[PDB]
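Only one structure is covered here, and it is reproduced in the block below.
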Amino acid sequence: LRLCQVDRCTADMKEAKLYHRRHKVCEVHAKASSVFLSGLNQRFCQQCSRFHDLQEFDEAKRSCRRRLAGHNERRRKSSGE
Ligand SMILES: [Zn+2]
Ligand SMILES: [Zn+2]
């Protein structure tokens, strides 16, 4: 079944799980070392289960920046009149 978003993919999903068949992804692509998508390097994100570019990933952790990294409260504007 050829239902993988990744182009130039030659993986056979004749017998895959509902987690790989539903999301339309390969087990090898799910936890691969940066796939070649649209020419650029795009890795998987177990956080959102979607696909994110490499520029978005950072640090030893290969996950999304949101939540993982931590935006923290912090302040921007001040109170006054
Ligand atoms: Zn694939
Ligand atoms: Zn994500």
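Residues are referred to by chain and number: the chain letter is A, B, ... according to the order shown in the structure tokens, the number counts from 1 in that chain, and ligands are numbered separately from 1 in the order shown.
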Go through chain A residue by residue and, counting only C-alpha atoms and all ligand atoms, keep those with an atom at most 10 Å from ligand 1; for each kept residue give the shortest atom pair and its distance in Å to one decimal, ordered by chain and increasing number, as a Markdown table.
| residue | atom | partner | partner_atom_place_in_ligand_line | distance |
| --- | --- | --- | --- | --- |
| A:2 | CA | ligand 1 | 1 (Zn) | 8.5 |
| A:3 | CA | ligand 1 | 1 (Zn) | 8.1 |
| A:4 | CA | ligand 1 | 1 (Zn) | 4.9 |
| A:5 | CA | ligand 1 | 1 (Zn) | 6.9 |
| A:6 | CA | ligand 1 | 1 (Zn) | 5.4 |
| A:7 | CA | ligand 1 | 1 (Zn) | 7.6 |
| A:8 | CA | ligand 1 | 1 (Zn) | 8.2 |
| A:9 | CA | ligand 1 | 1 (Zn) | 4.9 |
| A:10 | CA | ligand 1 | 1 (Zn) | 6.9 |
| A:11 | CA | ligand 1 | 1 (Zn) | 5.6 |
| A:12 | CA | ligand 1 | 1 (Zn) | 8.3 |
| A:13 | CA | ligand 1 | 1 (Zn) | 8.6 |
| A:20 | CA | ligand 1 | 1 (Zn) | 9.8 |
| A:24 | CA | ligand 1 | 1 (Zn) | 8.2 |
| A:25 | CA | ligand 1 | 1 (Zn) | 5.6 |
| A:26 | CA | ligand 1 | 1 (Zn) | 4.6 |
| A:27 | CA | ligand 1 | 1 (Zn) | 7.9 |
| A:28 | CA | ligand 1 | 1 (Zn) | 7.2 |
| A:29 | CA | ligand 1 | 1 (Zn) | 5.5 |
| A:30 | CA | ligand 1 | 1 (Zn) | 8.3 |
| A:32 | CA | ligand 1 | 1 (Zn) | 9.8 |
| A:35 | CA | ligand 1 | 1 (Zn) | 9.0 |
Which residues form the shell of 7 Å around ligand 2 when you count only C-alpha atoms and all ligand atoms, given as a PDB file with N, CA, C and O atoms, in the first residue's frame?
ATOM      1  N   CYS A  45       7.891  14.014  14.522  1.00  0.00           N
ATOM      2  CA  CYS A  45       7.655  14.605  15.836  1.00  0.00           C
ATOM      3  C   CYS A  45       6.598  13.814  16.600  1.00  0.00           C
ATOM      4  O   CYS A  45       5.403  14.047  16.443  1.00  0.00           O
ATOM      5  N   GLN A  47       5.631  14.141  19.352  1.00  0.00           N
ATOM      6  CA  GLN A  47       4.832  15.057  20.156  1.00  0.00           C
ATOM      7  C   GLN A  47       3.478  15.325  19.505  1.00  0.00           C
ATOM      8  O   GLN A  47       2.432  15.150  20.131  1.00  0.00           O
ATOM      9  N   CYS A  48       3.504  15.754  18.247  1.00  0.00           N
ATOM     10  CA  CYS A  48       2.274  16.050  17.516  1.00  0.00           C
ATOM     11  C   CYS A  48       1.960  14.964  16.488  1.00  0.00           C
ATOM     12  O   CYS A  48       0.920  15.004  15.832  1.00  0.00           O
ATOM     13  N   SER A  49       2.863  13.996  16.341  1.00  0.00           N
ATOM     14  CA  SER A  49       2.673  12.906  15.385  1.00  0.00           C
ATOM     15  C   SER A  49       2.781  13.398  13.938  1.00  0.00           C
ATOM     16  O   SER A  49       2.663  12.608  13.000  1.00  0.00           O
ATOM     17  N   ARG A  50       3.002  14.699  13.758  1.00  0.00           N
ATOM     18  CA  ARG A  50       3.122  15.275  12.422  1.00  0.00           C
ATOM     19  C   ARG A  50       4.583  15.331  11.981  1.00  0.00           C
ATOM     20  O   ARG A  50       5.463  14.785  12.647  1.00  0.00           O
ATOM     21  N   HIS A  52       7.866  17.733  11.041  1.00  0.00           N
ATOM     22  CA  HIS A  52       8.446  19.057  11.232  1.00  0.00           C
ATOM     23  C   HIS A  52       9.857  19.125  10.656  1.00  0.00           C
ATOM     24  O   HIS A  52      10.589  18.135  10.661  1.00  0.00           O
ATOM     25  N   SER A  63      12.605  16.483  19.577  1.00  0.00           N
ATOM     26  CA  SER A  63      11.165  16.696  19.661  1.00  0.00           C
ATOM     27  C   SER A  63      10.814  18.157  19.396  1.00  0.00           C
ATOM     28  O   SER A  63      11.696  18.999  19.233  1.00  0.00           O
ATOM     29  N   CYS A  64       9.518  18.449  19.357  1.00  0.00           N
ATOM     30  CA  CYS A  64       9.042  19.808  19.114  1.00  0.00           C
ATOM     31  C   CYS A  64       9.630  20.786  20.129  1.00  0.00           C
ATOM     32  O   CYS A  64      10.106  20.383  21.190  1.00  0.00           O
TER      33      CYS A  64
END
- Pick out the residues sitting within 12 Å of residue A:54, and hand them over as number ranges by chain; count only C-alpha atoms, and ignore anything fewer than 4 positions along from it in its own chain. A: 33-37, 39-45, 58-59, 61-65
What would the file look like if the residues just selected were written as a tab-separated table (two decimals), in the first residue's frame with C-alpha atoms?
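Output file selection_4.tsv follows:
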chain	number	residue	atom	x	y	z
A	33	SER	CA	17.49	9.77	10.88
A	34	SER	CA	16.04	12.79	9.07
A	35	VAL	CA	14.14	11.92	5.89
A	36	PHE	CA	14.55	13.63	2.51
A	37	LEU	CA	11.26	15.49	2.07
A	39	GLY	CA	14.70	18.23	-0.71
A	40	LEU	CA	15.10	19.63	2.80
A	41	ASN	CA	15.70	17.59	5.95
A	42	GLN	CA	12.42	16.83	7.73
A	43	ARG	CA	12.18	14.62	10.82
A	44	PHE	CA	9.22	13.15	12.69
A	45	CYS	CA	7.66	14.61	15.84
A	58	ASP	CA	17.23	21.41	18.42
A	59	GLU	CA	19.14	20.25	21.50
A	61	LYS	CA	16.04	16.04	22.29
A	62	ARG	CA	14.65	15.43	18.80
A	63	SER	CA	11.16	16.70	19.66
A	64	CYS	CA	9.04	19.81	19.11
A	65	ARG	CA	10.12	23.11	20.68
- Query: So which residues of stretch 4-47 of chain A fall under strand (DSSP E) by DSSP, listed as an MDAnalysis selection string?
  - Reply: chainID A and resid 35:37 40:44
Resulting file, chosen residues, N, CA, C and O atoms, as a PDB file, in the first residue's frame:
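Ended up saving to result26.pdb:
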ATOM      1  N   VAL A  35      14.525  12.381   7.215  1.00  0.00           N
ATOM      2  CA  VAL A  35      14.142  11.922   5.886  1.00  0.00           C
ATOM      3  C   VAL A  35      14.281  13.041   4.858  1.00  0.00           C
ATOM      4  O   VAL A  35      14.266  14.222   5.205  1.00  0.00           O
ATOM      5  N   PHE A  36      14.413  12.660   3.592  1.00  0.00           N
ATOM      6  CA  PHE A  36      14.552  13.631   2.513  1.00  0.00           C
ATOM      7  C   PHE A  36      13.187  14.005   1.942  1.00  0.00           C
ATOM      8  O   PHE A  36      12.706  13.378   0.999  1.00  0.00           O
ATOM      9  N   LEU A  37      12.570  15.030   2.520  1.00  0.00           N
ATOM     10  CA  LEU A  37      11.261  15.487   2.068  1.00  0.00           C
ATOM     11  C   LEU A  37      11.356  16.867   1.425  1.00  0.00           C
ATOM     12  O   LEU A  37      11.849  17.814   2.036  1.00  0.00           O
ATOM     13  N   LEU A  40      14.592  19.238   1.492  1.00  0.00           N
ATOM     14  CA  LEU A  40      15.104  19.628   2.798  1.00  0.00           C
ATOM     15  C   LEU A  40      15.028  18.467   3.785  1.00  0.00           C
ATOM     16  O   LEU A  40      14.382  17.452   3.517  1.00  0.00           O
ATOM     17  N   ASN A  41      15.692  18.622   4.925  1.00  0.00           N
ATOM     18  CA  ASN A  41      15.702  17.588   5.952  1.00  0.00           C
ATOM     19  C   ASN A  41      14.520  17.751   6.903  1.00  0.00           C
ATOM     20  O   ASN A  41      14.443  18.726   7.651  1.00  0.00           O
ATOM     21  N   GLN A  42      13.601  16.792   6.869  1.00  0.00           N
ATOM     22  CA  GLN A  42      12.424  16.829   7.727  1.00  0.00           C
ATOM     23  C   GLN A  42      12.334  15.566   8.579  1.00  0.00           C
ATOM     24  O   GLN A  42      12.320  14.453   8.056  1.00  0.00           O
ATOM     25  N   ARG A  43      12.273  15.750   9.895  1.00  0.00           N
ATOM     26  CA  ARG A  43      12.184  14.624  10.818  1.00  0.00           C
ATOM     27  C   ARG A  43      10.773  14.491  11.379  1.00  0.00           C
ATOM     28  O   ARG A  43       9.923  15.356  11.163  1.00  0.00           O
ATOM     29  N   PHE A  44      10.528  13.400  12.096  1.00  0.00           N
ATOM     30  CA  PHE A  44       9.218  13.151  12.687  1.00  0.00           C
ATOM     31  C   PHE A  44       9.119  13.772  14.076  1.00  0.00           C
ATOM     32  O   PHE A  44      10.131  14.026  14.729  1.00  0.00           O
TER      33      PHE A  44
END
